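>>> Give me coordinates for this.
(chains A, B, C and D, ligands or ions: 10)
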Amino acid sequence: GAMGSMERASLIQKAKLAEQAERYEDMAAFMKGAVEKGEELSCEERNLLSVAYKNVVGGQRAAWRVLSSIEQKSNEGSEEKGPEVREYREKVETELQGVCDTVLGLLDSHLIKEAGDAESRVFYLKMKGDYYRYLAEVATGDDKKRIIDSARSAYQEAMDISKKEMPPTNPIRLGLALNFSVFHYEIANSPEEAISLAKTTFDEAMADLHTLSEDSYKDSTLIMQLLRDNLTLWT
Amino acid sequence: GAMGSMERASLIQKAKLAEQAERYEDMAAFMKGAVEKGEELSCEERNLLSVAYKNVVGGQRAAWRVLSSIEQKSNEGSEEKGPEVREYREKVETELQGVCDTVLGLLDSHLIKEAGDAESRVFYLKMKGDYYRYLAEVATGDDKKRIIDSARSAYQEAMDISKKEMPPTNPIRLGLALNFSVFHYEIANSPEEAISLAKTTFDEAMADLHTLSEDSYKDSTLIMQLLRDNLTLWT
Amino acid sequence: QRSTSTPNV
Amino acid sequence: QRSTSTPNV
Ligand SMILES: *CC(=O)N1CC2(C1)CN(S(=O)(=O)c1ccc(I)cc1)CCO2
Ligand SMILES: *CC(=O)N1CC2(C1)CN(S(=O)(=O)c1ccc(I)cc1)CCO2
Ligand SMILES: [Cl-]
Ligand SMILES: [Cl-]
Ligand SMILES: [Mg+2]
Ligand SMILES: [Mg+2]
Ligand SMILES: [Mg+2]
Ligand SMILES: [Mg+2]
Ligand SMILES: [Mg+2]
Ligand SMILES: [Mg+2]
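Residues are numbered from 1 along each chain as shown, chains lettered A, B, ... in the order given. Ligands and ions are numbered 1, 2, ... in the order given. Shown next is the structure:
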């Protein structure tokens, strides 16, 4: 596309600049361009891809939630205000779905199939789960069940690899488990599964902290605290 | 343009929704559409227009400053990193200039010429000054002097009307004086003019506070505090 | 209150 | 530090 004429390294450089400038739409476009060069991504480059799209979709999700809340209130004693709330919620929703589809497209063409190391494959499968989960957040139709199942299937594949190939303190493994637990609680109507996963993940990570350097310890304990925060919220 | 098919009232409604959702690009597009209906804008609608574009250009200005700083540092012992910093700063700059040109275009076609009340005319002329000032912030070429003069001329016309037609505590008058003082200090290399304007504005507003209701007092004193904040910074 | 998912780092 | 201009309200 539009980034076809720019060097891979220049796209990566500009993604980093865009991050510094809090220009996340630009950052995402640069990283899409980099992915479309066809080479595999390093860990740092996967981080750039992740940060860019998370920030873009994060803003869309926040906006969608505001508009959905206004829409719900409109449908309670409420005075008729016409189609505008629904239309605008739909506009934001369509854009959000578009971003999710873009990310899923990159993963399918061809990041996942070329990812053979545990860190890359688990990261990409987690990402696939996450973006299906974001699609599930706004789904209501004939397809909501299939979207949920797609998220589940991606997370489960990631989980299976992570358990076999990574230590329990690995940040990617931990972040995957965190997000899959959120899936269970928020999407799949499975709070007990969520709690069980968060508890087991936390406990197995705790038991492996002794193997870590000071820096790795910092990384693992940060995510462990998020598991604990959710457990506190959920129980 | 793209908003041509939407009712004016629906554009206004959606601008308000976009504001709630912190979707300022959408908000600006809705308000551009509303302006292009050709009717004059009320005070509330002028506020929507203002908020939308201020937030959009504000993000661009912040990004531009980050990138300009990186660029300046690159040009000091600095290792050569190629054209990317300049290119990306230029990209953001061009987009910023585009937004400014869009706002100035709305003002010229035909908001200012139809504005005959002091509140509307002063507001629009202030806006014209502001967006020329933002153009001046990034100008370096043959045209920087003319851009500065364009800002100056708009602010001066606004000032002349505001002094004749509005009380010294009027928030539009106060905000205009605040921004023109910033112009003097930051753009026109006239710190003494800036300080003088801020001082005189503050003092004349102080003397008129007694005429105000509690609510109007709140509005005026907020802006007066900003004058004071700048005076503290500048002296 | 919403559950926390993995943040940016 | 940069001068403060009129904020959104
Ligand atoms: C090395 C690699 O492939 N990385 C991708 C990552 C570093 C980690 N992901 S993540 O979503 O797995 C994640 C783990 C821990 C934390 I705290 C946040 C996110 C994000 C992108 O960078
Ligand atoms: C009534 C009217 O025309 N309005 C435009 C405004 C209300 C005021 N402007 S402003 O830039 O003049 C301003 C004044 C005080 C403050 I505190 C902030 C901004 C902004 C848009 O709404
Ligand atoms: Cl819409
Ligand atoms: Cl660029
Ligand atoms: Mg090449
Ligand atoms: Mg009623
Ligand atoms: Mg829909
Ligand atoms: Mg009509
Ligand atoms: Mg060197
Ligand atoms: Mg330029």
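>>> Please report phi then psi for the residue of chain C found nearest ligand 4.
For chain C and ligand 4, the shortest gap (Cβ to the ion) falls at residue C:8, measuring 22.6 Å. Just so you know, the C-beta spots here come from the backbone N, C-alpha and C atoms, and that holds for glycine as well. Dihedral pair for residue C:8: phi -70, psi 150, per degrees, to the nearest 10.
>>> Pull stretch A:161-168 out as PDB, backbone CA atoms only.
Taking only C-alpha atoms (Å, rounded to 0.1, in the frame of the first residue of the first chain), the coordinates of stretch A:161-168 have been written out as PDB:
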ATOM      1  CA  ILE A 161       2.500 -23.700  23.300                       C
ATOM      2  CA  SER A 162       3.400 -21.400  26.200                       C
ATOM      3  CA  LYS A 163       3.000 -24.100  28.800                       C
ATOM      4  CA  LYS A 164       5.200 -26.500  26.800                       C
ATOM      5  CA  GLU A 165       7.900 -24.100  25.700                       C
ATOM      6  CA  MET A 166       8.200 -21.100  28.200                       C
ATOM      7  CA  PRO A 167       8.900 -20.800  31.900                       C
ATOM      8  CA  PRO A 168       5.900 -19.800  34.100                       C
END
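>>> Does chain C have contacts with that stretch?
No: applying Cβ under 8 Å from any Cβ of the partner chain, one finds stretch A:161-168 separated from chain C by no less than 13.3 Å.
>>> Pull the contacting residues for the closest residue to residue A:170 other than its chain neighbours.
Residue nearest to residue A:170 in three dimensions, not counting chain neighbours: residue A:162, with 7.1 Å by Cβ to Cβ, 6 or more residues apart in numbering or on different chains. Residue A:162 is in contact with A:118, A:122, A:170, A:172, A:173, A:176, A:177, counting by Cβ atoms under 8 Å, 6 or more residues apart in numbering or on different chains.
>>> and those, which are buried?
If you count burial by 16 or more other Cβ atoms under 10 Å in any protein chain shown, the buried members of the contacts of residue A:162 come out as A:118, A:122, A:170, A:172, A:173, A:176, A:177.
>>> can you tell me which residues contact the fourth one?
Residues in contact with residue A:172 (Cβ under 8 Å, 6+ apart) are A:119, A:122, A:123, A:126, A:162, A:166.
>>> Could you do the first one as well?
The neighbourhood of residue A:118, defined by Cβ under 8 Å, 6+ apart, consists of A:161, A:162, A:165, A:166.
>>> Quick check: ChimeraX command selecting the buried ones in the residues you listed.
For the buried members of the contacts of residue A:118, the matching ChimeraX selection, counting by 16+ other Cβ under 10 Å, is:
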select /A:161,162,166
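>>> now the contacts of residue A:118 in a markdown table, with secondary structure?
Written out in a markdown table, the entries for the contacts of residue A:118 read as follows (DSSP: H, G, I helix; E, B strand; the rest coil):
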| residue | secondary structure |
| --- | --- |
| A:161 | helix |
| A:162 | helix |
| A:165 | helix |
| A:166 | coil |
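>>> what's the closest of the contacts of residue A:118 to chain C?
Proximity of the contacts of residue A:118 to chain C (Cβ to the nearest Cβ) peaks at residue A:162, which lies at 13.3 Å.
>>> Check the secondary structure at the residue of chain C found nearest ligand 3 for me.
Proximity to ligand 3, evaluated over chain C using Cβ to the ion, is greatest for residue C:2 at 25.6 Å. Remark: residue C:2 carries the secondary structure label coil [criterion: three-state DSSP].
>>> That one and residue A:186 touch, don't they?
Yes: taking contact to mean Cβ atoms under 8 Å, the distance of 7.3 Å between residue C:2 and residue A:186 places them in contact.
>>> between those two, who's got more neighbours?
A direct count of neighbours by other Cβ atoms under 10 Å in any protein chain shown for residue C:2 and residue A:186 places residue A:186 higher, at 17 against 10.
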